[PDB]
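In: Whatever this is, show me its structure:
(chains A and B)
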2 protein chains.
Amino acid sequence: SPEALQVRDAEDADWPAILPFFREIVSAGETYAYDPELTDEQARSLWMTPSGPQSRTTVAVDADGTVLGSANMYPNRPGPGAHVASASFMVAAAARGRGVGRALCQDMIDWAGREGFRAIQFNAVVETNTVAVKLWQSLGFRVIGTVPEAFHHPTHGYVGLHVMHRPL
Amino acid sequence: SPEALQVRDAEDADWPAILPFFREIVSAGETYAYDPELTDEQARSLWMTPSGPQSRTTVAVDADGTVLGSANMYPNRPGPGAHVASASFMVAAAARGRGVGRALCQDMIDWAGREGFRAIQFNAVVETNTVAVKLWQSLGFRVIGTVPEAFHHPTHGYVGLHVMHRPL
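Out: Residues are numbered from 1 along each chain as shown, chains lettered A, B, ... in the order given. Next comes the structure:
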C-alpha cells in the first residue's frame, strides 16, 4: 500500500536485496546500458554511496522492511557541472505497478532540492521504456533531445536514447 | 605545417607532455567539467588507453616529435550502447589555430569507422566553446539538444551543454 511504502536511506545490509535487481536489468537489456560482467562488488561500488560529494542511495521498503526498489543520486558532472544532479532507479519486477518508481523519484527530487541543486538530468532514457518516460514527464522532466539508434533493444532493434531534464 | 603534423597512437612516454594540457583545461574552466583535484595518475588512467574495449589514445605531433594535442576515443556506453563511440580532445594553447583539433577529430572519425561503430556522440559540449562547436559541425556533427544552464562558465555564467552526434 502507499501507507506501508517508505523511501529511506539505504543501509549496507540492504545491498544483497538490491543486487538481484541489477542483475535482472542487465539480463533483460531493455532499460540501461551496463557492462554485463561486473562483479557483485563492482556493482555495489557503482550503486551504494560511500560517505564523503552530494550523493545518496535509497531503498523503497514495504511494512515488513522488504526492499522493493532502490535509487541512487549524485552530481551529474563534477566541478563546474556539479549543480546538476542525476539519478538511477531500479524497481523489483514483482513490485511494478505499486508506485515504487514514483516514490523513489519524488524522494530524489525532494533531496536534490534541499541539497541545493539547480536541475536534474537523466543522460540516457531508452525511448521504448515508455513507462519510465511517462512517469518522469509526470514528475516534471522533459525530453531535451534524443540520440537516434543509440541503444540495441532485444525486440525493437536500434532505438533512441532521450536526454531528459527538470529544473529545480 | 599540415605536412609536418601527424596523428599517431600515443606512447606511454607521451603522457608527461599531455598532462599539462589537462591541467590547463581544468584551470581555465571553460570547456570540460572535471574534478579539480585528480592526481597525475588518476588523470593518466582516465586519458591513456590500456590494452584490452575498442578504445584508443592518440597524439598530434610536429616534425620534431613535439606533442601538440591528444585525443582519446572509446565506446560511449557499454553493452547495448557500445556501437556509439565518443571521444575527448585536448590541444595545447600554443598549438591552437594550426588545425590540430581538426586533425585529431578526423583521425578519430576514421578510426571509429574502421572499428565498426555506427555513430559518435559527444555528451557535453559547452555552448560558449564555439570554436569546438563549429569545428565539430564542419566535421558532420549536429546538436541533438542542449541542456540549459548545465555548466558554470567563469565569464558567461550558467550556460548550456550541447549533446552532439554524427552517424557513421
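In: List the buried residues for stretch A:81-95?
Out: Buried residues in stretch A:81-95, counting neighbours by 16 or more other C-beta atoms under 10 Å in any protein chain shown, are found at A:81-92, A:95. The way it works is simple: take the backbone N, C-alpha and C, and place the C-beta from them, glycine included.
In: Ok, stretch A:56-72 next?
Out: Buried residues in stretch A:56-72, counting neighbours by 16+ other C-beta under 10 Å, are found at A:56, A:57, A:58, A:59, A:60, A:61, A:67, A:68, A:69, A:70, A:71, A:72.
In: what sits against the residue in chain A that chain B sits nearest to?
Out: Per C-beta to the nearest C-beta, the residue of chain A with the smallest distance to chain B is residue A:145, at 2.2 Å. Neighbour list for residue A:145: A:162, A:163, B:143, B:144, B:145, B:146, B:163 [criterion: C-beta atoms under 8 Å, 6 or more residues apart in numbering or on different chains].
In: What count of nearby residues applies to the second one?
Out: Other residues within reach of residue A:163, judged by other C-beta atoms under 10 Å in any protein chain shown, total 23.
In: What's opposite it in the beta bridge?
Out: Counting by DSSP bridges, residue A:163 forms beta bridges with residue A:145.
In: and the gap between it and residue B:165?
Out: Distance of residue A:163 to residue B:165, given as C-beta to C-beta, to the nearest Å: 11 Å.
In: what do you get for the first one?
Out: When C-beta to C-beta is applied, the distance between residue A:162 and residue B:165 equals 13 Å.
In: Could you pull out the strands in chain A for me?
Out: A:6-9, A:56-61, A:67-75, A:84-91, A:119-126, A:142-153, A:157-167 (DSSP state E).
In: so which of the ones you listed gets nearest residue B:150?
Out: strand A:84-91 (5.2 Å; C-beta to C-beta).
In: Each with direction, which strands does the closest one pair with?
Out: Checking strand A:84-91 against DSSP bridges gives partners strand A:67-75 (antiparallel), strand A:119-126 (parallel).
In: could you give the angle of the last one to strand A:142-153?
Out: Right, the one you point to is strand A:119-126. Our comparison of strand A:119-126 with strand A:142-153, counting by axes from the mean of the first three to the mean of the last three C-alpha atoms, to 10 degrees, yields an angle of 30 degrees.
In: for the first one, same thing?
Out: Interaxial angle, strand A:67-75 versus strand A:142-153 (the same axes, to 10 degrees): 120 degrees.
In: CA atoms only: put strand A:67-75 into CSV for me.
Out: Extracted in CSV, the C-alpha atoms of strand A:67-75 (Å, rounded to 0.1, in the frame of the first residue of the first chain):
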residue,chain,number,x,y,z
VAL,A,67,13.2,-3.9,-0.3
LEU,A,68,11.1,-3.2,-3.4
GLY,A,69,13.4,-0.9,-5.2
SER,A,70,16.4,1.5,-4.9
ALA,A,71,17.7,4.8,-6.2
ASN,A,72,21.0,6.5,-6.3
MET,A,73,21.6,10.2,-6.8
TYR,A,74,24.7,12.3,-7.3
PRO,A,75,26.1,15.2,-9.2
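In: Apart from its chain neighbours, what residue comes closest to residue A:77?
Out: Counting by C-beta to C-beta, 6 or more residues apart in numbering or on different chains, residue A:77 lies nearest to residue B:33, which is 4.1 Å off, once chain neighbours are set aside.
In: Could you do residue A:127 as well?
Out: Spatially, and ignoring its direct neighbours in sequence, residue A:127 is nearest to residue A:160 (4.2 Å; C-beta to C-beta, 6+ apart).
In: got the contact list for that neighbour?
Out: A:126, A:127, A:146, A:147, A:148, A:149, A:150, A:151.
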